[PDB]
$ cat upload-v9.txt   # compact mmCIF, C-alpha atoms and all ligand atoms
# COMPACT_ATOMS: atom_id res chain seq x y z
CA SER E 56 8.76 -4.36 -12.30
CA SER E 57 10.03 -7.12 -10.06
CA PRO E 58 6.77 -7.92 -8.27
CA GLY E 59 5.69 -9.25 -11.63
CA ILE E 60 8.63 -11.49 -12.48
CA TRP E 61 8.34 -15.23 -12.36
CA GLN E 62 10.63 -18.10 -13.31
CA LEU E 63 9.18 -21.29 -14.86
CA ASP E 64 11.10 -24.58 -14.85
CA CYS E 65 10.34 -28.24 -15.33
CA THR E 66 11.33 -31.10 -13.03
CA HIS E 67 10.82 -34.83 -13.41
CA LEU E 68 9.87 -37.55 -10.82
CA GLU E 69 8.45 -41.08 -11.31
CA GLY E 70 8.35 -40.68 -15.08
CA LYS E 71 6.06 -37.63 -14.69
CA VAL E 72 6.50 -33.92 -15.53
CA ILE E 73 6.09 -31.19 -12.91
CA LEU E 74 6.05 -27.53 -13.90
CA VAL E 75 7.25 -25.12 -11.13
CA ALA E 76 6.64 -21.37 -11.25
CA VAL E 77 8.64 -19.36 -8.73
CA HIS E 78 7.85 -15.75 -7.83
CA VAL E 79 11.42 -14.50 -7.86
CA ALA E 80 11.17 -11.73 -5.15
CA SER E 81 9.42 -13.94 -2.49
CA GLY E 82 10.28 -17.54 -3.25
CA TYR E 83 6.56 -18.42 -3.41
CA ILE E 84 5.82 -21.40 -5.70
CA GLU E 85 3.02 -22.79 -7.74
CA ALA E 86 3.60 -26.28 -9.19
CA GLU E 87 1.66 -29.04 -10.76
CA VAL E 88 2.03 -32.40 -12.45
CA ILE E 89 1.13 -32.13 -16.13
CA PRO E 90 0.42 -34.94 -18.67
CA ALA E 91 3.28 -34.03 -21.05
CA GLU E 92 5.87 -31.30 -21.55
CA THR E 93 4.05 -29.80 -24.52
CA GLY E 94 3.25 -26.27 -25.65
CA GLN E 95 -0.47 -26.85 -25.03
CA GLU E 96 0.01 -27.99 -21.40
CA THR E 97 2.61 -25.28 -20.72
CA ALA E 98 0.24 -22.59 -22.07
CA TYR E 99 -2.58 -23.85 -19.87
CA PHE E 100 -0.41 -23.72 -16.80
CA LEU E 101 0.66 -20.15 -17.55
CA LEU E 102 -2.95 -19.03 -18.26
CA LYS E 103 -3.91 -20.31 -14.82
CA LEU E 104 -0.98 -18.58 -13.14
CA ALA E 105 -1.70 -15.30 -14.90
CA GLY E 106 -5.28 -15.27 -13.59
CA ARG E 107 -4.23 -15.63 -10.01
CA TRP E 108 -1.25 -13.22 -9.70
CA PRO E 109 -0.23 -10.14 -11.60
CA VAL E 110 2.27 -11.75 -13.94
CA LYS E 111 4.33 -9.38 -16.18
CA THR E 112 7.37 -11.38 -17.18
CA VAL E 113 8.09 -15.13 -17.10
CA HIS E 114 11.66 -16.39 -17.59
CA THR E 115 11.58 -19.87 -19.12
CA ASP E 116 14.23 -22.35 -20.24
CA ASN E 117 13.38 -21.48 -23.91
CA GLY E 118 13.14 -25.21 -24.91
CA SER E 119 10.92 -27.15 -27.23
CA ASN E 120 7.61 -26.38 -25.57
CA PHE E 121 8.26 -22.66 -26.17
CA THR E 122 9.03 -22.67 -29.95
CA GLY E 123 5.42 -23.28 -31.14
CA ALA E 124 2.33 -21.11 -31.41
CA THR E 125 0.46 -21.97 -28.25
CA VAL E 126 2.58 -20.59 -25.41
CA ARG E 127 3.21 -17.47 -27.46
CA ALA E 128 -0.59 -16.96 -28.01
CA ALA E 129 -1.33 -17.42 -24.31
CA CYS E 130 1.36 -15.10 -23.16
CA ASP E 131 0.27 -12.47 -25.81
CA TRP E 132 -3.35 -12.76 -24.62
CA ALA E 133 -2.46 -12.47 -20.95
CA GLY E 134 0.10 -9.67 -21.45
CA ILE E 135 3.08 -11.66 -20.30
CA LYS E 136 6.52 -10.89 -21.73
CA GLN E 137 8.85 -13.82 -22.36
CA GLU E 138 12.16 -11.98 -21.72
CA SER E 153 17.74 -25.53 -5.90
CA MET E 154 13.97 -25.08 -5.47
CA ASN E 155 13.47 -28.08 -7.80
CA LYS E 156 15.70 -29.92 -5.30
CA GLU E 157 13.96 -28.33 -2.30
CA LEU E 158 10.59 -29.27 -3.73
CA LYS E 159 11.67 -32.86 -4.42
CA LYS E 160 12.98 -33.17 -0.86
CA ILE E 161 9.55 -32.16 0.50
CA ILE E 162 7.76 -34.43 -1.93
CA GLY E 163 9.87 -37.37 -0.69
CA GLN E 164 8.93 -36.65 2.96
CA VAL E 165 5.16 -36.83 2.12
CA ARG E 166 5.02 -39.29 -0.74
CA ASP E 167 3.86 -42.38 1.19
CA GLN E 168 0.92 -40.30 2.54
CA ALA E 169 -0.67 -40.12 -0.90
CA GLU E 170 -1.45 -42.71 -3.52
CA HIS E 171 -0.82 -40.28 -6.38
CA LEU E 172 2.22 -38.12 -7.05
CA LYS E 173 0.05 -35.17 -7.96
CA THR E 174 -1.31 -35.05 -4.42
CA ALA E 175 2.17 -35.28 -2.88
CA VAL E 176 3.20 -32.33 -5.03
CA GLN E 177 0.41 -30.11 -3.80
CA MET E 178 1.17 -31.14 -0.14
CA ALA E 179 4.72 -30.08 -0.86
CA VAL E 180 3.66 -26.77 -2.27
CA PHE E 181 1.56 -26.22 0.84
CA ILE E 182 4.48 -26.94 3.11
CA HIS E 183 6.94 -24.82 1.08
CA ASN E 184 4.63 -21.77 0.95
CA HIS E 185 3.54 -21.90 4.56
CA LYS E 186 6.79 -22.87 6.36
CA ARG E 187 7.95 -20.17 8.80
CA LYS E 188 11.77 -20.57 9.17
CA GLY E 189 11.85 -18.08 12.10
CA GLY E 192 8.78 -12.47 13.08
CA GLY E 193 10.14 -14.19 9.93
CA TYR E 194 7.42 -14.63 7.27
CA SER E 195 6.48 -17.53 5.02
CA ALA E 196 6.76 -17.28 1.20
CA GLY E 197 2.98 -16.96 1.06
CA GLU E 198 3.09 -13.94 3.36
CA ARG E 199 6.11 -12.50 1.48
CA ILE E 200 4.39 -12.60 -1.91
CA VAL E 201 1.23 -10.81 -0.65
CA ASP E 202 3.20 -8.12 1.20
CA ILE E 203 5.36 -7.45 -1.95
CA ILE E 204 2.38 -7.19 -4.27
CA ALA E 205 0.27 -5.12 -1.79
CA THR E 206 3.16 -2.68 -1.42
CA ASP E 207 3.43 -2.25 -5.17
CA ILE E 208 -0.33 -1.49 -5.56
CA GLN E 209 -0.69 1.13 -2.78
CA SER W 57 -12.60 -12.15 7.51
CA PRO W 58 -9.52 -12.91 5.37
CA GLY W 59 -9.48 -16.74 5.67
CA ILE W 60 -13.07 -17.52 4.55
CA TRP W 61 -13.87 -19.08 1.16
CA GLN W 62 -17.00 -20.45 -0.47
CA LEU W 63 -16.83 -23.51 -2.75
CA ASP W 64 -19.59 -24.25 -5.27
CA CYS W 65 -19.97 -26.34 -8.36
CA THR W 66 -21.34 -25.28 -11.70
CA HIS W 67 -21.98 -27.26 -14.88
CA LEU W 68 -21.41 -26.47 -18.60
CA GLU W 69 -21.23 -28.69 -21.68
CA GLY W 70 -21.64 -31.84 -19.58
CA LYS W 71 -18.54 -30.94 -17.52
CA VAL W 72 -18.04 -29.99 -13.86
CA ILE W 73 -16.39 -26.74 -12.76
CA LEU W 74 -15.51 -26.06 -9.15
CA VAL W 75 -15.48 -22.35 -8.12
CA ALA W 76 -13.83 -21.09 -4.98
CA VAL W 77 -14.70 -17.54 -4.00
CA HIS W 78 -12.77 -15.45 -1.48
CA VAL W 79 -15.76 -13.98 0.25
CA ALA W 80 -14.26 -10.62 1.35
CA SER W 81 -12.79 -9.69 -2.10
CA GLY W 82 -14.77 -11.59 -4.72
CA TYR W 83 -11.54 -13.13 -6.08
CA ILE W 84 -12.11 -16.52 -7.76
CA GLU W 85 -10.22 -19.70 -8.47
CA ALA W 86 -12.01 -22.18 -10.74
CA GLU W 87 -11.23 -25.29 -12.69
CA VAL W 88 -12.89 -28.00 -14.76
CA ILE W 89 -12.58 -31.33 -12.97
CA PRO W 90 -13.14 -34.93 -14.32
CA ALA W 91 -16.01 -35.66 -11.92
CA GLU W 92 -17.70 -34.29 -8.81
CA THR W 93 -16.11 -36.80 -6.46
CA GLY W 94 -14.57 -36.56 -3.04
CA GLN W 95 -11.11 -37.24 -4.43
CA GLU W 96 -11.23 -34.51 -7.08
CA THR W 97 -12.77 -32.09 -4.59
CA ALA W 98 -10.07 -32.79 -2.05
CA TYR W 99 -7.34 -32.21 -4.67
CA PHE W 100 -8.81 -28.87 -5.61
CA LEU W 101 -8.97 -27.78 -1.97
CA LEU W 102 -5.41 -28.95 -1.31
CA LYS W 103 -4.22 -26.77 -4.21
CA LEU W 104 -6.18 -23.77 -2.99
CA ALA W 105 -4.87 -24.16 0.55
CA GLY W 106 -1.29 -24.03 -0.66
CA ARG W 107 -1.74 -20.75 -2.44
CA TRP W 108 -3.82 -18.70 -0.03
CA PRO W 109 -4.23 -18.71 3.76
CA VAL W 110 -7.42 -20.74 3.92
CA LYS W 111 -9.07 -21.12 7.37
CA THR W 112 -12.70 -21.83 6.62
CA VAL W 113 -14.47 -23.16 3.51
CA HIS W 114 -18.25 -23.13 3.22
CA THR W 115 -19.45 -25.91 0.92
CA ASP W 116 -22.83 -27.12 -0.24
CA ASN W 117 -22.40 -30.19 2.07
CA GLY W 118 -23.41 -32.61 -0.76
CA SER W 119 -22.34 -36.07 -1.74
CA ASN W 120 -18.70 -35.26 -2.41
CA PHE W 121 -18.34 -34.13 1.22
CA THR W 122 -19.73 -37.22 3.07
CA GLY W 123 -16.73 -39.51 2.49
CA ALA W 124 -13.27 -39.69 3.96
CA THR W 125 -11.21 -37.84 1.40
CA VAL W 126 -12.24 -34.20 1.64
CA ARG W 127 -12.34 -34.54 5.43
CA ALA W 128 -8.71 -35.96 5.41
CA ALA W 129 -7.46 -33.12 3.17
CA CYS W 130 -9.17 -30.39 5.12
CA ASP W 131 -7.84 -31.92 8.43
CA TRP W 132 -4.32 -32.05 6.99
CA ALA W 133 -4.48 -28.50 5.67
CA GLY W 134 -6.10 -27.04 8.80
CA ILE W 135 -9.32 -26.01 7.04
CA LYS W 136 -12.64 -26.04 8.94
CA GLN W 137 -15.76 -26.93 7.00
CA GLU W 138 -18.72 -24.91 8.30
CA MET W 154 -20.49 -15.98 -8.99
CA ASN W 155 -21.54 -18.91 -11.20
CA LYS W 156 -23.79 -16.80 -13.39
CA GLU W 157 -21.13 -14.11 -13.77
CA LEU W 158 -18.41 -16.66 -14.58
CA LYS W 159 -20.65 -18.46 -17.12
CA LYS W 160 -21.30 -15.17 -18.95
CA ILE W 161 -17.61 -14.48 -19.32
CA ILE W 162 -17.03 -18.03 -20.41
CA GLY W 163 -19.59 -17.56 -23.19
CA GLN W 164 -17.82 -14.34 -24.32
CA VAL W 165 -14.49 -16.22 -24.81
CA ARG W 166 -15.58 -19.76 -25.61
CA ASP W 167 -15.04 -19.57 -29.41
CA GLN W 168 -11.40 -18.57 -28.74
CA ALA W 169 -10.49 -21.94 -27.26
CA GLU W 170 -11.05 -25.44 -28.48
CA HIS W 171 -11.39 -26.78 -24.93
CA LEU W 172 -13.74 -25.60 -22.20
CA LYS W 173 -11.01 -25.75 -19.60
CA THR W 174 -9.07 -23.05 -21.38
CA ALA W 175 -12.12 -20.81 -21.69
CA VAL W 176 -12.68 -21.20 -17.95
CA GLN W 177 -9.17 -20.01 -17.11
CA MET W 178 -9.49 -17.05 -19.55
CA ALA W 179 -12.68 -16.24 -17.64
CA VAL W 180 -11.03 -16.39 -14.30
CA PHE W 181 -8.33 -14.05 -15.63
CA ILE W 182 -10.91 -11.57 -16.87
CA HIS W 183 -12.95 -11.72 -13.65
CA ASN W 184 -9.97 -11.26 -11.34
CA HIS W 185 -8.24 -8.49 -13.31
CA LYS W 186 -11.29 -6.41 -14.45
CA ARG W 187 -11.20 -2.95 -12.89
CA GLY W 193 -11.14 1.24 -8.48
CA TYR W 194 -9.36 -2.07 -7.59
CA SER W 195 -9.76 -5.46 -9.26
CA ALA W 196 -10.61 -8.59 -7.21
CA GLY W 197 -6.98 -9.69 -7.50
CA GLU W 198 -5.85 -6.39 -5.96
CA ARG W 199 -8.54 -6.52 -3.28
CA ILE W 200 -7.53 -10.02 -2.08
CA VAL W 201 -3.80 -9.23 -1.58
CA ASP W 202 -4.63 -5.90 0.17
CA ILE W 203 -7.04 -7.70 2.58
CA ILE W 204 -4.57 -10.44 3.37
CA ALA W 205 -1.58 -8.07 3.65
CA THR W 206 -3.60 -5.95 6.07
CA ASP W 207 -4.43 -8.96 8.21
CA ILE W 208 -0.79 -10.16 8.44
CA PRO X 1 -5.54 -45.91 3.04
CA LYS X 2 -3.54 -42.89 1.94
CA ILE X 3 -4.64 -39.19 1.89
CA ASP X 4 -6.28 -39.05 -1.60
CA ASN X 5 -7.97 -42.34 -1.10
CA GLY X 6 -8.70 -45.26 1.06
CA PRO R 1 -7.17 -21.58 -35.44
CA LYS R 2 -7.92 -21.21 -31.76
CA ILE R 3 -5.80 -20.18 -28.70
CA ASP R 4 -5.05 -23.59 -27.29
CA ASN R 5 -4.77 -25.52 -30.60
CA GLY R 6 -5.70 -24.74 -34.15
CL CL V 301 9.50 -26.23 -19.15
CL CL V 302 -19.30 -29.15 -4.91
$ encode --input "upload-v9.txt" --output "structure tokens" --more "lines below"
Ligand SMILES: [Cl-]
Ligand SMILES: [Cl-]
Amino acid sequence: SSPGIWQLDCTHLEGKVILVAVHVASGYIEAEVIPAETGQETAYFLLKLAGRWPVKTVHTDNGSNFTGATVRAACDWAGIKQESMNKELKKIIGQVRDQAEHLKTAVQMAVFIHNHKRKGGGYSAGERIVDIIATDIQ
Amino acid sequence: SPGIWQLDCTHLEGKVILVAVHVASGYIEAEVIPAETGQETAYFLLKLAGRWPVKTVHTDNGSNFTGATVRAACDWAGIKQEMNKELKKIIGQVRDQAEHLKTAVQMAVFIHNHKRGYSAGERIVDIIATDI
Amino acid sequence: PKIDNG
Amino acid sequence: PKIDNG
């Protein structure tokens, strides 16, 4: 079921690693700066995601941080199947970067802006994700 | 009221956990943070505000709220300033499964939000989708 | 000076 | 031996 499908990618800025989870059906994003592109940090990020939204499947790039035990254990535990927006996000980060000392803050401002922007009766990604999930429950 | 959250701190193993509760549903977001400072508090609120439509946050109005940083983040995000025992129980039930407290906290949030005739996670999206 | 700080 | 590590 497509309300439950997410795509996870990494992106890199200032020598730091940003994980970006996109809810495929809405375009809603969750992203954060993480210390290193490791299985442990990747598993943590997914555990957090899975507690907030009803995550069924997460499509990943299948690289090094996914070959070990830790992401597999977290996805097993949480019941997750492992079966342009990077550029968009970076564009927004660049507009706000001088407003924050730390990149991590700029990233969360950029998530805010991405999720809440109304491009029109046209909804934001934040509104789209809730409407899609609410529809699937009732 | 769909936009109202409550933010409280709780302490375990010498670490600080911030807990945001969506008052109308009981849905929670929580994380271990390095220190109960304005800067870490503001970061947490900025993250929350990007994920949900946050209009009002009720806080304990303590030391981490007197400075410039939380005020600057809430201004920016358009937030007006105006469960711990449950979470800690769940944390204790899963703690031996994780080396690090932070992981146990996120397993506990998962359990809290998904336990079920709706779960808190279902209740929050229904409330917000009704308001839109 | 910036959002997350002075 | 745990979820996030050993
Ligand atoms: Cl990745
Ligand atoms: Cl607090």
$ atom_distance --input "upload-v9.txt" --atom1 "atom CA of residue E:205" --atom2 "atom CA of residue W:198"
7.5 Å
$ residues_near_ligand --input "upload-v9.txt" --ligand "ligand CL 301 (chain V)" --cutoff "10 Å" --atoms "only C-alpha atoms and all ligand atoms" --output "ChimeraX atom specification"
/E:63-66,72-76,92-94,96-97,115-121
$ atom_distance --input "upload-v9.txt" --atom1 "atom CA of residue E:78" --atom2 "atom CA of residue W:110"
19.9 Å
$ interface_residues --input "upload-v9.txt" --of "chain R" --to "chain W" --cutoff "6 Å" --atoms "all atoms listed in the file" --output "list in words"
residues 2, 3 and 4 of chain R
$ residues_around --input "upload-v9.txt" --residues "stretch 110-113 of chain E" --least-positions-apart "2" --cutoff "6 Å" --atoms "only C-alpha atoms" --output "PDB file with C-alpha atoms, keeping the file's coordinate frame"
ATOM      1  CA  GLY E  59       5.690  -9.250 -11.630  1.00  0.00           C
ATOM      2  CA  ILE E  60       8.630 -11.490 -12.480  1.00  0.00           C
ATOM      3  CA  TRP E  61       8.340 -15.230 -12.360  1.00  0.00           C
ATOM      4  CA  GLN E  62      10.630 -18.100 -13.310  1.00  0.00           C
ATOM      5  CA  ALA E 105      -1.700 -15.300 -14.900  1.00  0.00           C
ATOM      6  CA  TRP E 108      -1.250 -13.220  -9.700  1.00  0.00           C
ATOM      7  CA  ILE E 135       3.080 -11.660 -20.300  1.00  0.00           C
ATOM      8  CA  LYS E 136       6.520 -10.890 -21.730  1.00  0.00           C
ATOM      9  CA  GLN E 137       8.850 -13.820 -22.360  1.00  0.00           C
TER      10      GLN E 137
END
$ atom_distance --input "upload-v9.txt" --atom1 "atom CA of residue E:89" --atom2 "atom CA of residue E:164"
21.1 Å
$ residues_near_ligand --input "upload-v9.txt" --ligand "ligand CL 302 (chain V)" --cutoff "12 Å" --atoms "only C-alpha atoms and all ligand atoms" --output "ChimeraX atom specification"
/W:62-67,72-76,86-89,91-98,100-101,113-122,126
$ interface_residues --input "upload-v9.txt" --of "chain W" --to "chain E" --cutoff "8 Å" --atoms "all atoms listed in the file" --output "tab-separated table (two decimals) with C-alpha atoms, keeping the file's coordinate frame"
chain	number	residue	atom	x	y	z
W	85	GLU	CA	-10.22	-19.70	-8.47
W	99	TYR	CA	-7.34	-32.21	-4.67
W	102	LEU	CA	-5.41	-28.95	-1.31
W	103	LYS	CA	-4.22	-26.77	-4.21
W	105	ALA	CA	-4.87	-24.16	0.55
W	106	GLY	CA	-1.29	-24.03	-0.66
W	107	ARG	CA	-1.74	-20.75	-2.44
W	108	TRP	CA	-3.82	-18.70	-0.03
W	109	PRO	CA	-4.23	-18.71	3.76
W	174	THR	CA	-9.07	-23.05	-21.38
W	177	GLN	CA	-9.17	-20.01	-17.11
W	178	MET	CA	-9.49	-17.05	-19.55
W	180	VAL	CA	-11.03	-16.39	-14.30
W	181	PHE	CA	-8.33	-14.05	-15.63
W	182	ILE	CA	-10.91	-11.57	-16.87
W	184	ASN	CA	-9.97	-11.26	-11.34
W	185	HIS	CA	-8.24	-8.49	-13.31
W	197	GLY	CA	-6.98	-9.69	-7.50
W	198	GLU	CA	-5.85	-6.39	-5.96
W	201	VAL	CA	-3.80	-9.23	-1.58
W	202	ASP	CA	-4.63	-5.90	0.17
W	204	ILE	CA	-4.57	-10.44	3.37
W	205	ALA	CA	-1.58	-8.07	3.65
W	208	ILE	CA	-0.79	-10.16	8.44
$ residues_near_point --input "upload-v9.txt" --point "(19.6, -18.7, -6.3)" --cutoff "10 Å" --atoms "only C-alpha atoms" --output "PDB file with C-alpha atoms, in the frame of the given file"
ATOM      1  CA  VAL E  79      11.420 -14.500  -7.860  1.00  0.00           C
ATOM      2  CA  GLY E  82      10.280 -17.540  -3.250  1.00  0.00           C
ATOM      3  CA  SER E 153      17.740 -25.530  -5.900  1.00  0.00           C
ATOM      4  CA  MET E 154      13.970 -25.080  -5.470  1.00  0.00           C
TER       5      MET E 154
END
$ interface_residues --input "upload-v9.txt" --of "chain E" --to "chain X" --cutoff "6 Å" --atoms "only C-alpha atoms" --output "ChimeraX atom specification"
/E:168-170
$ axis_aligned_box --input "upload-v9.txt" --around "chain X" --padding-each-side "6 Å" --output "JSON"
{"center_x": -6.1, "center_y": -42.5, "center_z": 0.7, "size_x": 17.2, "size_y": 18.9, "size_z": 16.6}
$ build_atoms --input "upload-v9.txt" --residues "chain R" --atoms "N, CA, C and O atoms" --output "PDB file, in the coordinates of the input"
ATOM      1  N   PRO R   1      -6.901 -22.973 -35.181  1.00  0.00           N
ATOM      2  CA  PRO R   1      -7.170 -21.580 -35.440  1.00  0.00           C
ATOM      3  C   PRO R   1      -7.491 -20.906 -34.160  1.00  0.00           C
ATOM      4  O   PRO R   1      -7.646 -19.719 -34.173  1.00  0.00           O
ATOM      5  N   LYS R   2      -7.600 -21.682 -33.088  1.00  0.00           N
ATOM      6  CA  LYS R   2      -7.920 -21.210 -31.760  1.00  0.00           C
ATOM      7  C   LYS R   2      -6.678 -21.065 -30.881  1.00  0.00           C
ATOM      8  O   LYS R   2      -5.609 -21.434 -31.288  1.00  0.00           O
ATOM      9  N   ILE R   3      -6.824 -20.492 -29.689  1.00  0.00           N
ATOM     10  CA  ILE R   3      -5.800 -20.180 -28.700  1.00  0.00           C
ATOM     11  C   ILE R   3      -5.094 -21.364 -28.151  1.00  0.00           C
ATOM     12  O   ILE R   3      -3.917 -21.281 -28.020  1.00  0.00           O
ATOM     13  N   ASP R   4      -5.750 -22.458 -27.813  1.00  0.00           N
ATOM     14  CA  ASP R   4      -5.050 -23.590 -27.290  1.00  0.00           C
ATOM     15  C   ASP R   4      -4.724 -24.642 -28.310  1.00  0.00           C
ATOM     16  O   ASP R   4      -4.236 -25.635 -27.905  1.00  0.00           O
ATOM     17  N   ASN R   5      -5.003 -24.472 -29.594  1.00  0.00           N
ATOM     18  CA  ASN R   5      -4.770 -25.520 -30.600  1.00  0.00           C
ATOM     19  C   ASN R   5      -4.550 -25.180 -32.041  1.00  0.00           C
ATOM     20  O   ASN R   5      -3.430 -25.127 -32.508  1.00  0.00           O
ATOM     21  N   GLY R   6      -5.651 -24.991 -32.731  1.00  0.00           N
ATOM     22  CA  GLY R   6      -5.700 -24.740 -34.150  1.00  0.00           C
ATOM     23  C   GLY R   6      -5.915 -23.306 -34.391  1.00  0.00           C
ATOM     24  O   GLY R   6      -5.176 -22.544 -33.845  1.00  0.00           O
TER      25      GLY R   6
END
